[PDB]
Each structure stands twice: as C-alpha cells, then as structure tokens.
Amino acid sequence: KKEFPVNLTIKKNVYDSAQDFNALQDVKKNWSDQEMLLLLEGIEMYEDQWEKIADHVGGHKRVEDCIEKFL
Amino acid sequence: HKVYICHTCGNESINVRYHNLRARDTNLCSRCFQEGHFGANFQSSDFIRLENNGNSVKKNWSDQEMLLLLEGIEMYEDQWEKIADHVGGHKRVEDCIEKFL
Amino acid sequence: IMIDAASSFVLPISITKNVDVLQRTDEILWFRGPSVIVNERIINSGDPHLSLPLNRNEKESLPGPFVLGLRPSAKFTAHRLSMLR
Amino acid sequence: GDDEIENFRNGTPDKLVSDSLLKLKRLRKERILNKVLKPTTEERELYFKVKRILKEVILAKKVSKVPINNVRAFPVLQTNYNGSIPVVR
Amino acid sequence: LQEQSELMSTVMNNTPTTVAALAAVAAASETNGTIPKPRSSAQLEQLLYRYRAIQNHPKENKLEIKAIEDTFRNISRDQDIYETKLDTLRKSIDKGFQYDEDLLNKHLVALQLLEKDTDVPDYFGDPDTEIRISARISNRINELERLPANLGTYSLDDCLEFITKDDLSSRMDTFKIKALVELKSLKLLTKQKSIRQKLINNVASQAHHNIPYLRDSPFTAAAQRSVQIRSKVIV
Amino acid sequence: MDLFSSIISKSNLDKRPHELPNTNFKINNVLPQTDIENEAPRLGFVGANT
Amino acid sequence: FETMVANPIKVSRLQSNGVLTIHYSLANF
Ligand SMILES: [Zn+2]
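Written out as structure tokens, the structure reads:
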C-alpha cells in the first residue's frame, strides 16, 4: 500500500515544545548537539544498558534524564 | 545523459551539482560552492546538493526527482515535455503524469 | 539587479607552467572577487560558549575549532568498521 | 506530583496508560473538530502523567527488549555565507 | 496583555531596570487578568529569577515581589511533594509483573504519534467539515514555512567517509529536500485537483464506448441506436 | 577589472619559497569569516510562488 | 601588463540547465 510518509523528524512537538531538537526551536538539562550525537551514538552501539550510555554522553546527564530524552 | 554547465564559470560538473532555488535555472560545481563564487545576492542556504548520475530501476522516485518534478510544475504549469526533461530526461511524459496524479 | 554577468575571466597568455595547483578551466580562471574560507560547516547549537544561559570577565582557550563542529567519537567509528566486515 | 500512581503501582501498571491514551485520542478529535490550535491545559497535564509511567518501568522492571528504532539522523543548523562576487547594477 | 511575554521582551531588550513594568495596582494588576503560575519548563521561570534578581536593588518601588515569592514557595512545596512521592513510588513497585513486549511496542508508537499531532489508527460536500480540513493545511504550511533555511542533517553514516575540515559530505541534505517536497506538494493541491477533473470528466464522460458490460446492455445499445435515427423524408 | 584567483592548495607544511609564474602577479591572504551564523531566512522565502 | 583586457566567459542560461549529450535514430535517409 502507498502512503504519504509521516515525517516525524521535521514535526515540532505540540504539548511540551521544550524537547525538540536544537535546530527546530528558535548537572544541566540543556542537551547540546554534541551530547545528542553521543546519545544516538551510544544507543546504536550499546543497545539499552543505560550506564555505559550515561557516561558515553559525558557524565552531566543522569540515567533518568537519558530515558526522558529517549522517550 | 545530459551535461550541466556550471554557472559563473564555463566548467563541467562531474557528478554533483548545487541547484539554486531563487533563480531556479542555474547550477554550480563543488569547488565554486566551497569558496563562494556565486555572487553576493545569494546566501549559500538556497543551494541543494543534487546529483547527476543515472539512478536505479524505475518507479523508485527518489526525493531529488520528486523535488525537481514539483519545481517544474511550479515553473511551467503545463508542457509536460518541459517537465520531463527538467526531471532529467530519463522519464516519460506518460509516467510523470501518472506520478503527479 | 542583474544575474547574468560573467564574473569570471581568462587572460590570453598561456602561463601554464607552474600552475597545476589552482583551478583550471580545461588556462587559469580569474574571478571578480576573492574566495570565502569557512572553518566548519555545521554549527553546534547548544554549548554555553554559544547558547549563553542567563544564570551565573572570564577567558578560555579551547583546543581548536573542533569543539564547535559535531565530531563523532572514535569508538563508534571502530564499531562501524568492525560492522563493515 | 503523582497523586494516583502510588495507588495504581500496587497492581498492574499498564491499564491506566491505555485508558489515558484513549482520552488523549478523544481530546485530539475534539480539538480537531473545534478549530482550536493550542492544546488544552487538561491534556498537557495528562500528557506528562503518561510519559512518567513509561519512564518508571524502564527505571524499575528492565523489560526484556525495549526496542530501538531511530531514523539515524537529526537536524542541525549549518553555516551560511554570502557570495563574494559583488552585485552588478 | 501578556505580562509573561512583557518580561521576556524586557529581558531580550536588555533594559529591564529602566522600566520595571511600573508595579502598582493600575499596571501590574491590569495584565494579570497573584501571578498566573508560569507554564513552561524554565523559559518563564528563569525570567522570574532574573526579574527578582534585578528588583533586589529598588526593593520598595515594586509591591509585586511578595506574590512572586509566594509562587516560589509554591514551586518549592510542589517540588518537595514530588520528591517525597517519587521516593514512595519507587518503593510501591511490585517485585514481579513481566511487562509484555508487543504492547510496549504499541504504547511507544502511539505516544510518539500523539506527540507530534498525527492521526493514530486504533488497533486496541458538507462545507462545515470542509473548512475543518482546509484549516489544518494552513497549519502545516505556516508551520513548515518557519523552519530555518540552513537546515541540515548529520546521519550516523558520515563516519565511514572521513570528512576533513572542508570536505562537503554527500548526505547533508536528506531533510531539507523532504521539507520542501511537503511544502510544495501542499501548494500544488489545486493543480492536481484540476488535472483530476480533466481526467475523470473525460473518462467517465464516455462511459459507454470503453466499458464492455455497459455497451452490451439492452437499454444503452437501444438508446445509442435510437439517437442516430435520421428524420423521415416526406415525399 | 581587478581580478582574483582561486585558493592555492599548497599545504600548511610545505615550507618552500614562493614561486610565481608571473612577476605581475601579487599574493594576498584570505581571512576566514567566522561568527554566529546570520539568521537565515525561513523556507517561505526559499521557494515561494513564481 | 596593465593593458590586457580579459575575456568574459558567458554562461548563456539555456546552456547551463539541461543540454543533452539526427541520423542515429534510424528513420531519416
Ligand atoms: Zn565551476
């Protein structure tokens, strides 16, 4: 079946509008692009162990906040 | 296979052109885009990296071809020969109309 | 405001003896303005060096421009080269 | 706060999640059919209350898969610069 | 009159001590209709932080400090209540549930689709409802037309290309093309409508010479035969 | 007309003396421009109706 | 050297866009 693709990555969040990526927006909870790339980088390799990822990001991010981001 | 004369010089683009979105009928090489030889009116945001190579087996419709089809429809409003060559000339009229519908 | 100016020029004398490093036509291309050197293409949009939060005269000599440019770490690149073969 | 999740954590965790997502879907239909654009303060408040619960199980239970599916890209700004050849009038 | 945007305007104009919103009953209470308990995560709270940190110098011209401090007390109290409830909530967990996988899939996909305002399938005329469609398309057009033009990707597959200081990777534009296919396909809608009209009103306009089971019926053949009767010549 | 050239691909570790195919050439240094990117326009500017 | 007017390279917009690269369609002898 042919469907128009649901392009979620472009779509800005409605309910919170503070968990978007940094380009679509106009310890520390800032989440710069380097820790974001390290987060996708750790999720591609380590596959949900939440503690090797939690210092592969660089230690400023709690495991709770990494789960908050992954959701 | 067409040929893409690089604007602002006379060179031939090898396999990657940089299409402009406000003059809409110009291109560039990679080296003229890395250094900024495209005039002070444009701003290096309105240049999309397009390819020149022949793509895969037909009825795939990569996003480059969809974008160039919609550029053609905004250009000409008719004249499906002038749409099908602007897609790249390796698609027929009778398939561009079957894909826009 | 015109668009179709030439903005590249060629001198008639063939000086093509020590010129294999410049940009040749295939002569030498001579433009109407200089080049533009851009350090890094991708901005790093967070990073309180650049974001400037509103909380809390100081200098910092950061290593290189490579902090501001989203470079991947090497363990992922070795993991992906292991996934290569 | 929580004010209910303490009481419902004693039994199953998952029934409230579906019973809240159906309410989100009904409120979204009621926002589409009313020409309103901003979400209400009643489902925003009810949104995070969902996202909390799905967090805590991942904090607590360590469910056997927790699947990973990402687009393996993310949008970043890139530098722009004007051309260096001057304008011709 | 958006006092929670007036504080932001006074902050971003870098001159907030020079006006200080003229906190009396005539001005600081006319925009409030206490302060209305800010909504954001920190974007309306750091403004209150800076606003109190600037209003520590006058300290008597602004009578609205006390309601702001009462809301700080409310925020601290709610935070302490949530920390106690999170301490109890991690103690109220059963030792065994074994949460199912193929419903965790559906809850994750459903939450993700309900975040960014798209329709979720269940698996658990009339120009009233014509405008309610044509007002969701203007939403998407005036949401896509506020993206920055310098939008670019960084996939996880550029590590295999070894991009130098200036090398121009070949997957940088896999989102900006996709963010123009939508924005120009949602403007060429009333062109494909006008092509579909010319298609259907020339396929259905024959309907009795191409379709075989209609041009073989008794009544259609009799009508097409009877329209072709040449008029009788008198004498 | 007062022309300019392309960037020489001479490396930063070359250390050779500067040769010149013409003595009517001159040489200049290009300072790279670097700052917070000037706010680019929105996509409504790039690709409006013509 | 200062009397050496340079040659403009003109692009001619229709050449820049879509030029392809006739007896080789055998219908015309
Ligand atoms: Zn060129």
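Residue numbers (the working numbering), protein chains in the order written: chain A, 113 to 183; chain B, 42 to 142; chain C, 4 to 88; chain D, 4 to 92; chain E, 20 to 254; chain F, 85 to 134; chain G, 6 to 34.
Note that the Cβ used here is the ideal one computed from N, Cα and C, for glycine as well.
Neighbourhood of residue i by C-beta distance below 8 Å, restricted to the same chain and skipping five residues each side
i	result
C/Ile31	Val13, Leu14, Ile18, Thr19, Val22, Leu25
B/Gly130	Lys43
C/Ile45	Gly72, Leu73
B/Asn52	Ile46, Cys70, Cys73
E/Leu20	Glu49, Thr50
D/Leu57	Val20
A/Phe182	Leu151, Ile155
A/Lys140	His172
Three-way DSSP call (helix, strand, coil) for residue i in this model
i	result
residue 74 of chain A	Coverage of chain A is limited to positions 113 through 183, which leaves residue 74 of chain A absent and any answer about it impossible.
B/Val57	strand
C/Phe79	helix
D/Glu7	coil
B/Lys43	strand
D/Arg92	coil
C/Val41	coil
E/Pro237	helix
B/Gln84	coil
D/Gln81	strand
B/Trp121	helix
B/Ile89	strand
E/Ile230	coil
E/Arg249	coil
D/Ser21	helix
D/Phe51	helix
G/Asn12	strand
A/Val118	coil
E/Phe181	coil
A/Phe182	helix
E/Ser60	coil
Cβ of residue i within 8 Å of any chain D Cβ
i	result
A/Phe133	yes
C/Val70	no
F/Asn112	no
E/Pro167	yes
C/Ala81	no
C/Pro37	yes
B/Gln84	yes
F/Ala132	no
A/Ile179	yes
8 Å Cβ cutoff, residue i in contact with chain C
i	result
F/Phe88	yes
D/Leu19	no
E/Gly171	yes
G/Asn22	no
D/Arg75	no
F/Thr118	yes
Status (buried if at least 16 other CB within 10 Å, exposed otherwise) for residue i
i	result
E/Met191	buried
C/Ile4	exposed
B/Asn61	buried
D/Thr82	buried
A/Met148	buried
E/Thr172	buried
C/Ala77	exposed
A/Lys164	exposed
C/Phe34	buried
C-beta neighbour in chain B for residue i, strict 8 Å
i	result
F/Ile92	no
C/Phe12	no
D/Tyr50	no
Closer than 8 Å to chain E by CB, residue i
i	result
D/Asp22	no
D/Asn13	yes
A/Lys124	yes
Close beta carbons around residue i, own chain, < 7 Å, minus the five adjacent residues each side
i	result
E/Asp176	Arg190
E/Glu22	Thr50, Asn51
B/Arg58	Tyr45, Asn68, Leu69, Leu91, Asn93
Residue-chain proximity (residue i, chain G), Cβ-Cβ < 8 Å
i	result
B/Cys73	no
B/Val44	yes
Short CB-CB distance (under 8 Å) between residue i and chain F
i	result
E/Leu207	no
Residue-level contact to chain A via CB, residue i, 8 Å cutoff
i	result
E/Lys197	yes
Contacting residues, own chain, Cβ-Cβ under 6 Å from residue i (five flanking each side not counted)
i	result
E/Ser28	none
Next on the checklist: Give the residues whose C-beta lies closer than 5 Å to at least one heavy atom of ligand 1, in chain order.
Outcome noted: Selection output, chain order preserved: B/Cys47, B/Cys50, B/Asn52, B/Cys70, B/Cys73.
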